[PDB]
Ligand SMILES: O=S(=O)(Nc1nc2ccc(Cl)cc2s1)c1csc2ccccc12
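Coming up is one lone chain in structure tokens, specifically the form deposited without the ligand.
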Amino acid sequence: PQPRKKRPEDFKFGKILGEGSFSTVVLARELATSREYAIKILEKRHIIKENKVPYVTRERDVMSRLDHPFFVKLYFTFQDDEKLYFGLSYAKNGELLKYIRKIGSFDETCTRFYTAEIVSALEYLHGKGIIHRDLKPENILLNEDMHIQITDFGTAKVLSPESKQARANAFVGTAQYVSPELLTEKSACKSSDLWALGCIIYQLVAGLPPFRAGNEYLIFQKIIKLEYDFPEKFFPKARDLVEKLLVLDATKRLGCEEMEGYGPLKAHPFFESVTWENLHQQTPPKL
């Protein structure tokens, strides 16, 4: 027997935290507890009209399966006549992208710490057979203690035991972080997230993502050609790691099953001083 189903009247809604194409996230205080949640509100009619039932269902189903400190938690759901409501942890500090823009680019200690939390999160996700498929700084949020909270699971793929690949459109997902296999084979794998990881590490160090251009078509062209360069002074061991992640052949990316998994990735020299066992209990370095 769970707690009774919550209702809109149980909350004092506040500011809008963000607005997507099919949802709006609003800060809400539960009257009975004074707890604050980020409630994601989606209109049923619009979801049905635009054929998005599978994505909303997927977002709910994946989030309910995750139980790990580096993921946004789904605490409850409810609905009224027109809207679905998902009660989520409120990540007080916002998007990682905000910090990249604010401070410009991360020093080595900061890059290493945040990269480690992301790698630890992906290990967990991938161990559950889930491909994120849209990993990017916009969807890596930060809690009040400046630990990461990954979100945005509606476009995730859930692999079956028998399958390492899932059909996926590149035009879905964010161009700058799209893996070459989505553009060439229209298929996603766990290693697609490792490609995105390489883009993100590059972005933390350089301040901008590796594949940039005036439009999406031009970005995609750069991705399939591996057309990017490292800036001068890019931390040498991080460059080496990124070179091992931004690999056109998805089976040759450090961390993938064919490269023997997360062992060899976490053992990379860039992570030498990392203690992996309890990152969420360590004090993040100041940005």
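Note that residue numbering begins at 1 and tracks the sequence as displayed.
As for the form deposited with the ligand bound, it is not shown, yet the points below apply to it.
Verify the flagged residues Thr57, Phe78 and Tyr85 against the ligand in the entry with it bound: is each one within 4.5 Å by a non-hydrogen atom?
Affirmative, all three are within 4.5 Å.
Would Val53 sit within 4.5 Å of the ligand in the entry with it bound, counting heavy atoms only?
Looking in the entry with it bound, residue contacts with the ligand include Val53, since a heavy atom lies within 4.5 Å.
Exercise: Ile47 in contact with the ligand in the entry with it bound, heavy atom 4.5 Å:
Contact with the ligand, yes.
Which single stretch, out of 224 to 232, 57 to 65, 253 to 261, 240 to 248, brings residue heavy atoms within 4.5 Å of the ligand in the entry with it bound?
It is the stretch 57 to 65.
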